[PDB]
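Engineer: Before I ask anything, let me first share the structure, which is written out below as structure tokens.
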Protein chains: 2
Amino acid sequence: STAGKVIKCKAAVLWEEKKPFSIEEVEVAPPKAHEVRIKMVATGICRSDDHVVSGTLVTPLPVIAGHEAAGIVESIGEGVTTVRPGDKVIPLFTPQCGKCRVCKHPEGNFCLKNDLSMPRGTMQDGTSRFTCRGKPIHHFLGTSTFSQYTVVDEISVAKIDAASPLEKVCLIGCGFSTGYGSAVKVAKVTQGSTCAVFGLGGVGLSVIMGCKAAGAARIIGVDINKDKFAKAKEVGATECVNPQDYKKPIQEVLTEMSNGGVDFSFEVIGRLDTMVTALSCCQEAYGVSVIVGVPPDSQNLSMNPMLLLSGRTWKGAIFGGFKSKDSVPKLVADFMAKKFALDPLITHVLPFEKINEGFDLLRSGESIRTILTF
Amino acid sequence: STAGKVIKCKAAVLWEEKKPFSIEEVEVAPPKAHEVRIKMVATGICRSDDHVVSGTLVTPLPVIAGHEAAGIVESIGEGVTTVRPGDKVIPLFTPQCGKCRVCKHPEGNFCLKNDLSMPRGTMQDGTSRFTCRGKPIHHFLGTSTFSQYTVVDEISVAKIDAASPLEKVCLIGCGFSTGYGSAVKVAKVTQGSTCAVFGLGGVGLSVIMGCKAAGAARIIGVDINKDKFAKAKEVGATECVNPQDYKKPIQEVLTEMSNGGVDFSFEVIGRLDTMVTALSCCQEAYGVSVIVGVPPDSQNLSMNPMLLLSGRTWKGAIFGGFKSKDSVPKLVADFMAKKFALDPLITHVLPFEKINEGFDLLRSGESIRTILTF
Ligand SMILES: NC(=O)c1ccc[n+]([C@@H]2O[C@H](COP(=O)([O-])OP(=O)(O)OC[C@H]3O[C@@H](n4cnc5c(N)ncnc54)[C@H](O)[C@@H]3O)[C@@H](O)[C@H]2O)c1
Ligand SMILES: NC(=O)c1ccc[n+]([C@@H]2O[C@H](COP(=O)([O-])OP(=O)(O)OC[C@H]3O[C@@H](n4cnc5c(N)ncnc54)[C@H](O)[C@@H]3O)[C@@H](O)[C@H]2O)c1
């Protein structure tokens, strides 16, 4: 066994912005106290992993990205009580220390031990567990799942059902939960409402599922890629609009279609202009708009505060407002109970070594989610 | 006696921006169907009246401003059923038609018949009941209370308790209800929370009373005018901070004082910069910030969407989120039962004729609410 030993394995390293991932041989240190080393089984390619490449999302490079995954505990550090060697786990990019003021708040989920607000790319102790060619490589959001093995803090891992299909439930580690929770826990979509979902990638289709689950009467998917419409309709959208077909701004189209605005809108792209558009297209007196997409680093949007003064609510959330450690295991149980379906989001499955082809798929608009298997 | 006839009376006409009000003779036409002519008893000077003068708030000039008032029904037009001559009433700048999509919505209050969104400055049928110097004069939010008599649509009037003290319950027509409701109905302030209130004018002091009524444990008042602190303390502020005393930006002071940010923040001034500061000083994961202040017309603020993505909620509302015709009568009844105090808001009581001095008091920071009496 590898317990207690430095593991040599392959990982996808991003050495510099706007380059393909380089599949390298890396050394994965053994887990210190309160850390878990996991053997990766499957990882999804999420737009947020692409944001690191594109420089949209700023985090120390070089880096092993990937945060939407599912693996098996290989070994645990000293003091680890929550998982054992052998357990199926999902690494959590939003930790749940269970102690800070947020973890104690009934509603919040943005644990103060996150590595999200100002990414350091280190373990909780400020060190890396990864070296490549002698150089220390940064972690990504405490997860770094584009690697055969990764080391995560105990606060960033959830034990799930031993029978879960790891190549499906890897989407619970981000995409699906984010989307679904965004509609059901964050916006709290109501029965009979009209919803507008901007962006129909994996997180957007999950927002659609959540809206359909909460009973939205009408779910308008909006995307500039008309090939995403059939899948959107398949998971619940009632109509799909493409902004480029109209001579009118899409907030006007949506307002006219919904008779003065939708109840709930969601920005699931990451563009400043669509965030303001999504806010705008919601009903002025009682509409709720939720930002889910991640926008370019250090860029501000410009908006007229009168949009909010009339009564609109504008909110954002990380990971669909779910308290990670408590919810991931329940979402898996729920998936195991057929309460929701993850297959419709999986368009492609590729061996890990074809990570770059998986990113070209995403970038080209041909895939929803590509699951990488190890 | 004046019923069915034109009344010649005095009213404060604003002929053009940034000029003092002109006290002069106006002709007030009798009510048409579904209209009510009211004899004014008292009207308060609100910052939003001052916005009309300054050009901040755009509405057709010339105009008879004033919206926070109480009076007695002098007469009614055909079809009027909810009020009768002699009733004590409060004119409603936010109507309650009781019929549109918003009136029907459980939460909304921004009635689709408002004259707020794109001010026409007329009655609901598109005409004015006022003539001055031989010219038609515009209404102001379907109220126009700076006149001895005014005419309002039935949907813009609530009948109040026959025993109510009109010189005090005119504040229920705007300032008090807006502040109070922003805390209890819009933000939905929780027992034990920490709240920060930016701006300690009439409206902000009412927000502090709502916060105290909701059970806030800590209410921090923020104002650049330290003379407002004593009064804020008296109505419930636990602490008051003047951003000019500190070397760091106030959001940082506020975040530190509240150990990571307040639960609820209210912007009760009308500045773009303080709207963003208010949002920022709320806890990133679960804070809620409510815009109450009215910004300068057509100006956009700039903010970083990451502020919302961690989990914050940003809302605004008009008239504290209260359905106006349902809520006013009940707030007056609560007042009559001493459920809240109005007295602390009233610093000055002046005859109508000294409206310009009343505006000067406001403009110089010496007053909270000045009530004009007729
Ligand atoms: N808030 C969170 O916790 C969280 C979790 C996961 C991902 N995200 C973010 O959610 C967004 C969605 O992720 P994804 O993986 O679903 O992405 P994706 O790239 O799969 O989907 C984006 C979709 O937006 C559409 N789109 C792009 N530009 C558009 C434009 N100008 N107008 C209309 N439609 C447009 C694309 O065509 C595509 O269908 C990304 O910004 C990602 O970083 C945030
Ligand atoms: N949303 C609504 O329905 C509604 C209804 C009522 C009034 N309003 C708006 O609410 C605001 C408050 O009205 P009011 O009558 O209480 O006003 P006010 O002028 O009496 O009070 C504003 C307070 O803000 C303080 N202030 C000004 N500039 C400041 C700065 N840079 N920093 C910190 N504090 C500052 C002033 O010193 C004053 O104490 C206005 O913009 C008014 O138009 C909105």
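Lettering and numbering for the structure tokens are positional, with chains as A, B, ... in the shown order, residues counted from 1 in each chain, and ligands counted from 1 in the shown order.
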List as a ChimeraX atom specification the protein and nucleic acid residues lying within 6 Å of ligand 2, with only C-alpha atoms and all ligand atoms counted.

Structural biologist: /B:46-48,174-175,178,198-204,223-225,268-270,292-294,317-319,368

Engineer: For the residues in the current selection, export N, CA and C atoms as a PDB file, in the first residue's frame.

Structural biologist:
```pdb
ATOM      1  N   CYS B  46     -40.388  65.719   3.477  1.00  0.00           N
ATOM      2  CA  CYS B  46     -39.558  64.534   3.278  1.00  0.00           C
ATOM      3  C   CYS B  46     -38.415  64.847   2.330  1.00  0.00           C
ATOM      4  N   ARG B  47     -37.308  64.137   2.437  1.00  0.00           N
ATOM      5  CA  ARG B  47     -36.220  64.389   1.510  1.00  0.00           C
ATOM      6  C   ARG B  47     -36.647  64.222   0.059  1.00  0.00           C
ATOM      7  N   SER B  48     -37.614  63.373  -0.283  1.00  0.00           N
ATOM      8  CA  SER B  48     -38.050  63.161  -1.656  1.00  0.00           C
ATOM      9  C   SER B  48     -38.754  64.374  -2.251  1.00  0.00           C
ATOM     10  N   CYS B 174     -45.689  58.386   4.549  1.00  0.00           N
ATOM     11  CA  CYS B 174     -44.444  58.017   3.944  1.00  0.00           C
ATOM     12  C   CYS B 174     -43.317  57.670   4.881  1.00  0.00           C
ATOM     13  N   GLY B 175     -42.613  58.614   5.447  1.00  0.00           N
ATOM     14  CA  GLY B 175     -41.389  58.420   6.158  1.00  0.00           C
ATOM     15  C   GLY B 175     -41.355  57.290   7.172  1.00  0.00           C
ATOM     16  N   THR B 178     -42.247  53.787   5.476  1.00  0.00           N
ATOM     17  CA  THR B 178     -41.143  53.344   4.654  1.00  0.00           C
ATOM     18  C   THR B 178     -40.023  52.786   5.532  1.00  0.00           C
ATOM     19  N   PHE B 198     -27.700  53.333   7.486  1.00  0.00           N
ATOM     20  CA  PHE B 198     -27.020  54.470   6.907  1.00  0.00           C
ATOM     21  C   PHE B 198     -28.015  55.577   6.591  1.00  0.00           C
ATOM     22  N   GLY B 199     -27.876  56.669   7.321  1.00  0.00           N
ATOM     23  CA  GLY B 199     -28.728  57.840   7.175  1.00  0.00           C
ATOM     24  C   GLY B 199     -29.675  57.876   8.360  1.00  0.00           C
ATOM     25  N   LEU B 200     -29.614  58.900   9.167  1.00  0.00           N
ATOM     26  CA  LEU B 200     -30.487  58.978  10.371  1.00  0.00           C
ATOM     27  C   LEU B 200     -31.484  60.100  10.345  1.00  0.00           C
ATOM     28  N   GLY B 201     -32.073  60.255   9.172  1.00  0.00           N
ATOM     29  CA  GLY B 201     -33.088  61.254   8.888  1.00  0.00           C
ATOM     30  C   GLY B 201     -34.386  60.586   9.422  1.00  0.00           C
ATOM     31  N   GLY B 202     -35.495  61.137   9.099  1.00  0.00           N
ATOM     32  CA  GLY B 202     -36.827  60.653   9.437  1.00  0.00           C
ATOM     33  C   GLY B 202     -37.003  59.193   9.089  1.00  0.00           C
ATOM     34  N   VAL B 203     -36.596  58.838   7.874  1.00  0.00           N
ATOM     35  CA  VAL B 203     -36.781  57.513   7.351  1.00  0.00           C
ATOM     36  C   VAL B 203     -35.811  56.580   8.050  1.00  0.00           C
ATOM     37  N   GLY B 204     -34.545  56.966   8.183  1.00  0.00           N
ATOM     38  CA  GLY B 204     -33.614  56.060   8.879  1.00  0.00           C
ATOM     39  C   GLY B 204     -33.950  55.755  10.330  1.00  0.00           C
ATOM     40  N   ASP B 223     -24.064  58.176  10.306  1.00  0.00           N
ATOM     41  CA  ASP B 223     -24.394  59.466   9.740  1.00  0.00           C
ATOM     42  C   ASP B 223     -23.177  60.356   9.873  1.00  0.00           C
ATOM     43  N   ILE B 224     -23.047  61.267   8.922  1.00  0.00           N
ATOM     44  CA  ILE B 224     -21.927  62.191   8.874  1.00  0.00           C
ATOM     45  C   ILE B 224     -22.250  63.434   9.695  1.00  0.00           C
ATOM     46  N   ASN B 225     -23.479  63.531  10.154  1.00  0.00           N
ATOM     47  CA  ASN B 225     -24.043  64.554  10.981  1.00  0.00           C
ATOM     48  C   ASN B 225     -24.195  63.956  12.388  1.00  0.00           C
ATOM     49  N   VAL B 268     -30.256  54.512   3.649  1.00  0.00           N
ATOM     50  CA  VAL B 268     -31.415  55.384   3.847  1.00  0.00           C
ATOM     51  C   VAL B 268     -31.062  56.836   3.610  1.00  0.00           C
ATOM     52  N   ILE B 269     -30.301  57.019   2.507  1.00  0.00           N
ATOM     53  CA  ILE B 269     -29.794  58.333   2.170  1.00  0.00           C
ATOM     54  C   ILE B 269     -30.154  58.711   0.725  1.00  0.00           C
ATOM     55  N   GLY B 270     -29.674  57.937  -0.220  1.00  0.00           N
ATOM     56  CA  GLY B 270     -29.868  58.110  -1.640  1.00  0.00           C
ATOM     57  C   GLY B 270     -28.572  58.384  -2.398  1.00  0.00           C
ATOM     58  N   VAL B 292     -33.144  51.964   0.519  1.00  0.00           N
ATOM     59  CA  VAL B 292     -34.387  52.692   0.713  1.00  0.00           C
ATOM     60  C   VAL B 292     -34.259  54.090   0.105  1.00  0.00           C
ATOM     61  N   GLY B 293     -33.030  54.590   0.114  1.00  0.00           N
ATOM     62  CA  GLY B 293     -32.796  55.940  -0.390  1.00  0.00           C
ATOM     63  C   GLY B 293     -33.064  56.012  -1.907  1.00  0.00           C
ATOM     64  N   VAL B 294     -33.455  57.214  -2.319  1.00  0.00           N
ATOM     65  CA  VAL B 294     -33.660  57.476  -3.744  1.00  0.00           C
ATOM     66  C   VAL B 294     -32.400  58.185  -4.300  1.00  0.00           C
ATOM     67  N   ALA B 317     -37.046  48.769  -1.919  1.00  0.00           N
ATOM     68  CA  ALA B 317     -38.505  48.773  -1.937  1.00  0.00           C
ATOM     69  C   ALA B 317     -38.957  50.225  -1.787  1.00  0.00           C
ATOM     70  N   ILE B 318     -40.182  50.371  -2.194  1.00  0.00           N
ATOM     71  CA  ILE B 318     -40.892  51.619  -2.066  1.00  0.00           C
ATOM     72  C   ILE B 318     -41.899  51.462  -0.912  1.00  0.00           C
ATOM     73  N   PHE B 319     -41.989  52.476  -0.121  1.00  0.00           N
ATOM     74  CA  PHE B 319     -43.005  52.519   0.961  1.00  0.00           C
ATOM     75  C   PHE B 319     -42.988  51.330   1.893  1.00  0.00           C
ATOM     76  N   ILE B 368     -35.415  66.869  11.667  1.00  0.00           N
ATOM     77  CA  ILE B 368     -35.648  65.478  11.311  1.00  0.00           C
ATOM     78  C   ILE B 368     -36.862  65.639  10.393  1.00  0.00           C
TER      79      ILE B 368
END
```

Engineer: For the alpha helix (DSSP H) assignment from backbone DSSP, which residues of range 164-357 of chain A qualify? Please present them as a ChimeraX atom specification.

Structural biologist: /A:166-169,175-181,202-213,229-235,250-257,272-281,306-309,324-336,355-357

Engineer: Taking into account only C-alpha atoms and all ligand atoms, which residue in the set A:103, A:220, A:57, A:83 is nearest to ligand 1?

Structural biologist: A:57

Engineer: Please return, as a list in words, all residues of range 26-102 of chain B that DSSP assigns to strand (DSSP E or B) on the basis of the backbone.

Structural biologist: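 Secondary structure check on range 26-102 of chain B, strand (DSSP E or B): residues 26, 27, 28, 35, 36, 37, 38, 39, 40, 41, 42, 43, 44, 63, 68, 69, 70, 71, 72, 73, 74, 75, 76, 88, 89, 90 and 91 of chain B.
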
Engineer: Select all residues from chain A having any atom no more than 7 Å from an atom of chain B (counting only C-alpha atoms, ignoring ligands), output as a list in words.

Structural biologist: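 On the chain A side, the interface is residues 102, 107, 108, 109, 110, 285, 286, 291, 299, 300, 301, 302, 303, 304, 305, 308, 309, 310, 311, 312, 313, 314, 315, 316, 317 and 318 of chain A.
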
Engineer: Convert the current residue selection to file output with C-alpha atoms, as a PDB file, in the first residue's frame.

Structural biologist:
```pdb
ATOM      1  CA  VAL A 102     -21.402  30.881   8.764  1.00  0.00           C
ATOM      2  CA  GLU A 107     -28.811  29.793   5.984  1.00  0.00           C
ATOM      3  CA  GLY A 108     -25.221  30.574   5.007  1.00  0.00           C
ATOM      4  CA  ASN A 109     -22.897  28.099   3.312  1.00  0.00           C
ATOM      5  CA  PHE A 110     -19.825  30.207   2.478  1.00  0.00           C
ATOM      6  CA  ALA A 285     -42.201  44.633  -7.903  1.00  0.00           C
ATOM      7  CA  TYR A 286     -41.499  41.128  -6.773  1.00  0.00           C
ATOM      8  CA  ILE A 291     -26.435  35.235 -10.040  1.00  0.00           C
ATOM      9  CA  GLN A 299     -14.629  43.668 -13.301  1.00  0.00           C
ATOM     10  CA  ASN A 300     -17.547  45.670 -12.042  1.00  0.00           C
ATOM     11  CA  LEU A 301     -20.956  45.898 -13.585  1.00  0.00           C
ATOM     12  CA  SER A 302     -22.877  49.112 -13.960  1.00  0.00           C
ATOM     13  CA  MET A 303     -26.543  49.146 -12.995  1.00  0.00           C
ATOM     14  CA  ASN A 304     -29.299  51.578 -12.144  1.00  0.00           C
ATOM     15  CA  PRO A 305     -30.376  51.096  -8.509  1.00  0.00           C
ATOM     16  CA  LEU A 308     -33.997  47.269  -7.058  1.00  0.00           C
ATOM     17  CA  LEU A 309     -35.971  50.137  -5.500  1.00  0.00           C
ATOM     18  CA  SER A 310     -39.180  48.984  -7.154  1.00  0.00           C
ATOM     19  CA  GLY A 311     -38.991  45.729  -5.202  1.00  0.00           C
ATOM     20  CA  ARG A 312     -36.589  43.361  -6.998  1.00  0.00           C
ATOM     21  CA  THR A 313     -34.284  41.066  -4.997  1.00  0.00           C
ATOM     22  CA  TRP A 314     -30.899  40.228  -6.382  1.00  0.00           C
ATOM     23  CA  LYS A 315     -28.840  37.465  -4.790  1.00  0.00           C
ATOM     24  CA  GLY A 316     -25.881  35.282  -5.634  1.00  0.00           C
ATOM     25  CA  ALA A 317     -24.768  31.952  -4.123  1.00  0.00           C
ATOM     26  CA  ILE A 318     -21.873  29.556  -4.266  1.00  0.00           C
TER      27      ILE A 318
END
```

Engineer: Quick one, how far is CA of residue 160 in chain B from CA of residue 88 in chain B?

Structural biologist: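 Taking CA of residue 160 in chain B and CA of residue 88 in chain B, their separation equals 5.5 Å.
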
Engineer: One decimal, in Å: what's the spacing between CA of residue 32 in chain B and CA of residue 99 in chain B?

Structural biologist: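 A separation of 20.5 Å between them.
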
Engineer: Quick one: distance from CA of residue 210 in chain B to CA of residue 183 in chain B in Å, one decimal?

Structural biologist: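 So the two atoms, CA of residue 210 in chain B and CA of residue 183 in chain B, lie 5.3 Å apart.
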
Engineer: I want to know what sits within 9 Å of range 15-29 of chain B, based on only C-alpha atoms, with residues of the same chain fewer than 6 positions away left out; could you give that as a ChimeraX atom specification?

Structural biologist: /B:4-9,37,52-55,61-64,128-134,137,147,149-151,353,355-356,359

Engineer: If we count only C-alpha atoms, what is near residue 253 in chain A at a cut-off of 12 Å, once residues fewer than 3 positions away on the same chain are taken out, given as a VMD selection string?

Structural biologist: chain A and resid 196 220 222 240 to 250 256 to 262 277 to 278 280 to 282

Engineer: Tell me which of A:73, A:97, A:362, A:235 sits closest to ligand 1, counting only C-alpha atoms and all ligand atoms.

Structural biologist: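 Smallest separation from ligand 1 among the options: A:362.
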
Engineer: At a cut-off of 9 Å, using only C-alpha atoms, what residues contact residue 172 in chain B? Leave out same-chain residues fewer than 6 positions from it and give the result as JSON, numbers by chain.

Structural biologist: {"B": [68, 69, 70, 90, 178, 328, 331, 332, 342]}

Engineer: Can you tell me, as a compact mmCIF listing (two decimals) with N, CA, C and O atoms, in the first residue's frame, what residues are no more than 9 Å from residue 140 in chain A when counting only C-alpha atoms, ignoring any on the same chain fewer than 5 positions away?

Structural biologist:
```
# COMPACT_ATOMS: atom_id res chain seq x y z
N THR A 59 -6.19 32.43 -9.59
CA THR A 59 -5.74 31.54 -8.53
C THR A 59 -4.29 31.17 -8.87
O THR A 59 -3.92 31.29 -10.04
N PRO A 60 -3.46 31.11 -7.87
CA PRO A 60 -2.04 30.82 -8.07
C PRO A 60 -1.75 29.69 -9.02
O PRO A 60 -2.33 28.61 -8.90
N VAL A 63 -0.94 25.05 -11.32
CA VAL A 63 -2.04 24.53 -10.50
C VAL A 63 -2.60 23.25 -11.06
O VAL A 63 -2.66 22.96 -12.29
N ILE A 64 -3.09 22.42 -10.15
CA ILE A 64 -3.88 21.26 -10.57
C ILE A 64 -5.35 21.68 -10.35
O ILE A 64 -5.72 21.81 -9.21
N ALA A 65 -6.09 21.92 -11.41
CA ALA A 65 -7.48 22.37 -11.28
C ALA A 65 -8.40 21.17 -11.07
O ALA A 65 -8.01 20.06 -10.70
N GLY A 66 -9.66 21.31 -11.32
CA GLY A 66 -10.64 20.25 -11.20
C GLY A 66 -11.23 20.39 -9.78
O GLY A 66 -10.54 20.44 -8.81
N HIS A 67 -12.57 20.44 -9.71
CA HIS A 67 -13.23 20.48 -8.45
C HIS A 67 -14.55 19.73 -8.42
O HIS A 67 -15.19 19.69 -7.36
N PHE A 93 -15.56 21.82 -2.79
CA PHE A 93 -14.84 23.09 -3.06
C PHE A 93 -15.34 24.17 -2.12
O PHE A 93 -14.68 25.18 -1.96
N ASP A 115 -11.32 28.69 0.23
CA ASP A 115 -10.17 29.17 -0.51
C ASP A 115 -10.68 29.86 -1.79
O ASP A 115 -10.07 29.91 -2.85
N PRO A 119 -8.14 33.13 -3.24
CA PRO A 119 -7.52 31.83 -3.43
C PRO A 119 -6.04 31.90 -3.11
O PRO A 119 -5.38 32.76 -3.65
N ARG A 120 -5.59 31.02 -2.25
CA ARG A 120 -4.19 30.87 -1.89
C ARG A 120 -3.64 29.66 -2.66
O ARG A 120 -2.45 29.56 -2.94
N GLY A 121 -4.48 28.67 -2.91
CA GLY A 121 -4.12 27.44 -3.62
C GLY A 121 -3.28 26.50 -2.77
O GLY A 121 -2.39 25.84 -3.26
N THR A 122 -3.50 26.51 -1.47
CA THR A 122 -2.79 25.70 -0.51
C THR A 122 -3.77 24.88 0.33
O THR A 122 -4.98 25.04 0.24
N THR A 145 -8.89 18.15 -8.54
CA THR A 145 -9.38 16.81 -8.87
C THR A 145 -8.92 16.33 -10.22
O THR A 145 -9.29 15.21 -10.58
```
